[PDB]
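Source file: run22.pdb. Holds: PDB, C-alpha atoms.
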```
ATOM      1  CA  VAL E 207       2.392 -22.120  -6.746  1.00  0.00           C
ATOM      2  CA  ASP E 208       5.527 -20.768  -5.075  1.00  0.00           C
ATOM      3  CA  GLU E 209       5.305 -17.589  -7.188  1.00  0.00           C
ATOM      4  CA  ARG E 210       1.721 -16.779  -6.193  1.00  0.00           C
ATOM      5  CA  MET E 211       2.688 -17.481  -2.583  1.00  0.00           C
ATOM      6  CA  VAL E 212       5.401 -14.812  -3.040  1.00  0.00           C
ATOM      7  CA  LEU E 213       2.784 -12.446  -4.616  1.00  0.00           C
ATOM      8  CA  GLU E 214       0.263 -12.979  -1.805  1.00  0.00           C
ATOM      9  CA  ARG E 215       2.969 -12.753   0.897  1.00  0.00           C
ATOM     10  CA  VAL E 216       4.331  -9.432  -0.425  1.00  0.00           C
ATOM     11  CA  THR E 217       0.752  -8.097  -0.876  1.00  0.00           C
ATOM     12  CA  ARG E 218      -0.223  -9.150   2.709  1.00  0.00           C
ATOM     13  CA  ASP E 219       2.960  -7.632   4.137  1.00  0.00           C
ATOM     14  CA  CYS E 220       2.470  -4.411   2.133  1.00  0.00           C
ATOM     15  CA  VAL E 221      -1.175  -3.962   3.240  1.00  0.00           C
ATOM     16  CA  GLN E 222      -0.065  -4.730   6.830  1.00  0.00           C
ATOM     17  CA  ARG E 223       2.668  -2.036   6.694  1.00  0.00           C
ATOM     18  CA  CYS E 224       0.208   0.517   5.296  1.00  0.00           C
ATOM     19  CA  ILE E 225      -2.173  -0.355   8.141  1.00  0.00           C
ATOM     20  CA  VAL E 226       0.658   0.018  10.702  1.00  0.00           C
ATOM     21  CA  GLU E 227       2.396   3.167   9.426  1.00  0.00           C
ATOM     22  CA  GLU E 228      -0.637   5.410   8.822  1.00  0.00           C
ATOM     23  CA  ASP E 229      -0.028   7.772  11.766  1.00  0.00           C
ATOM     24  CA  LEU E 230       3.752   7.758  11.407  1.00  0.00           C
ATOM     25  CA  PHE E 231       4.502  10.116   8.522  1.00  0.00           C
ATOM     26  CA  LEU E 232       3.440  13.747   8.704  1.00  0.00           C
ATOM     27  CA  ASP E 233       1.914  14.443   5.329  1.00  0.00           C
ATOM     28  CA  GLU E 234       2.716  17.665   3.572  1.00  0.00           C
ATOM     29  CA  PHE E 235      -0.846  18.996   3.430  1.00  0.00           C
ATOM     30  CA  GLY E 236      -1.365  18.056   7.093  1.00  0.00           C
ATOM     31  CA  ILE E 237      -3.795  15.213   6.533  1.00  0.00           C
ATOM     32  CA  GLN E 238      -4.057  13.308   9.927  1.00  0.00           C
ATOM     33  CA  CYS E 239      -6.921  10.906   9.193  1.00  0.00           C
ATOM     34  CA  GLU E 240      -8.392   8.446  11.681  1.00  0.00           C
ATOM     35  CA  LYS E 241      -7.989   4.666  11.733  1.00  0.00           C
ATOM     36  CA  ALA E 242     -11.284   3.990   9.915  1.00  0.00           C
ATOM     37  CA  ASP E 243     -11.810   6.874   7.476  1.00  0.00           C
ATOM     38  CA  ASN E 244     -11.015   4.905   4.239  1.00  0.00           C
ATOM     39  CA  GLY E 245     -11.046   8.156   2.284  1.00  0.00           C
ATOM     40  CA  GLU E 246      -8.860   9.442  -0.506  1.00  0.00           C
ATOM     41  CA  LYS E 247      -6.992  12.067   1.518  1.00  0.00           C
ATOM     42  CA  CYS E 248      -5.605   9.552   4.019  1.00  0.00           C
ATOM     43  CA  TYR E 249      -2.354   7.583   4.091  1.00  0.00           C
ATOM     44  CA  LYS E 250      -4.065   4.190   3.997  1.00  0.00           C
ATOM     45  CA  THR E 251      -5.966   4.573   0.710  1.00  0.00           C
ATOM     46  CA  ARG E 252      -2.944   5.913  -1.207  1.00  0.00           C
ATOM     47  CA  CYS E 253      -0.689   3.305   0.404  1.00  0.00           C
ATOM     48  CA  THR E 254      -3.053   0.440  -0.473  1.00  0.00           C
ATOM     49  CA  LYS E 255      -3.183   1.924  -3.980  1.00  0.00           C
ATOM     50  CA  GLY E 256       0.612   1.546  -3.931  1.00  0.00           C
ATOM     51  CA  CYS E 257       0.287  -2.082  -2.853  1.00  0.00           C
ATOM     52  CA  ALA E 258      -2.346  -2.582  -5.538  1.00  0.00           C
ATOM     53  CA  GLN E 259      -0.213  -1.115  -8.322  1.00  0.00           C
ATOM     54  CA  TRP E 260       3.193  -2.748  -7.765  1.00  0.00           C
ATOM     55  CA  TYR E 261       2.754  -5.970  -9.771  1.00  0.00           C
ATOM     56  CA  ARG E 262       1.277  -4.338 -12.870  1.00  0.00           C
ATOM     57  CA  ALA E 263       4.198  -1.903 -12.961  1.00  0.00           C
ATOM     58  CA  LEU E 264       6.688  -4.760 -12.792  1.00  0.00           C
ATOM     59  CA  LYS E 265       5.373  -6.795 -15.735  1.00  0.00           C
ATOM     60  CA  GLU E 266       4.737  -3.813 -18.015  1.00  0.00           C
ATOM     61  CA  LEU E 267       8.075  -2.089 -17.098  1.00  0.00           C
ATOM     62  CA  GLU E 268       6.463   0.993 -15.581  1.00  0.00           C
ATOM     63  CA  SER E 269       8.226   2.869 -12.833  1.00  0.00           C
TER      64      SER E 269
END
```
With the file now loaded, output its structure as structure tokens.
Amino acid sequence: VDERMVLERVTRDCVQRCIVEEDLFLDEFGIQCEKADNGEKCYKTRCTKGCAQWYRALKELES
């Protein structure tokens, strides 16, 4: 129950950092989405895809 707490804490902190740092990085195509677009071009959807795909890469030894 400590391990899931570590999983949910890292997932909460990852989704919180992708919410915070969406306007920080200038993307290479010049994306600049808004705070509530939730579309596939934006930083937040790709970054929450990164915080969705970290645990499955760790068990199955994917980079």
Quiz prompt | Residue among E:268, E:219, E:208, E:228 lying closest to residue 247 (chain E), counting only C-alpha atoms | solution = E:228
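Applied to this file, the PyMOL selection byres ((chain E and resi 250-260) around 8) selects residues 217, 220, 221, 224, 225, 228, 244, 245, 246, 247, 248, 249, 261, 262, 263 and 264 of chain E.
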Those same residues - C-alpha atoms - I'd like them written as a compact mmCIF listing (two decimals), in the frame of the given file.
```txt
# COMPACT_ATOMS: atom_id res chain seq x y z
CA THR E 217 0.75 -8.10 -0.88
CA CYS E 220 2.47 -4.41 2.13
CA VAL E 221 -1.18 -3.96 3.24
CA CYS E 224 0.21 0.52 5.30
CA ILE E 225 -2.17 -0.36 8.14
CA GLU E 228 -0.64 5.41 8.82
CA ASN E 244 -11.02 4.90 4.24
CA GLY E 245 -11.05 8.16 2.28
CA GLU E 246 -8.86 9.44 -0.51
CA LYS E 247 -6.99 12.07 1.52
CA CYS E 248 -5.60 9.55 4.02
CA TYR E 249 -2.35 7.58 4.09
CA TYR E 261 2.75 -5.97 -9.77
CA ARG E 262 1.28 -4.34 -12.87
CA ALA E 263 4.20 -1.90 -12.96
CA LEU E 264 6.69 -4.76 -12.79
```
What box, with edges along x, y and z, holds each listed atom of region 225-236 of chain E when 4 Å is added on every side, and can you state its centre and edge lengths in Å to one decimal, as lines of an AutoDock Vina configuration file?
```
center_x = 1.2
center_y = 9.3
center_z = 7.6
size_x = 14.7
size_y = 27.4
size_z = 16.3
```
Practice problem: Please indicate the distance in Å from CA of residue 212 (chain E) to CA of residue 266 (chain E), rounded to one decimal place. | Solution: 18.6 Å
Quiz item: Which value, in Å to one decimal, gives the distance between CA of residue 240 (chain E) and CA of residue 223 (chain E)?
Solution: 16.0 Å
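CA of residue 215 (chain E) lies 29.3 Å from CA of residue 237 (chain E).
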Would you pick out the contacts of residue 229 (chain E) at 9 Å or less, using only C-alpha atoms, so that residues sharing its chain but fewer than 3 positions from it are not included, and give the list as a JSON list (two decimals) with C-alpha atoms, in the frame of the given file?
```json
[["chain", "number", "residue", "atom", "x", "y", "z"],
["E", 226, "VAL", "CA", 0.66, 0.02, 10.70],
["E", 232, "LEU", "CA", 3.44, 13.75, 8.70],
["E", 238, "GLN", "CA", -4.06, 13.31, 9.93],
["E", 239, "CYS", "CA", -6.92, 10.91, 9.19],
["E", 240, "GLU", "CA", -8.39, 8.45, 11.68],
["E", 241, "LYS", "CA", -7.99, 4.67, 11.73],
["E", 249, "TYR", "CA", -2.35, 7.58, 4.09]]
```
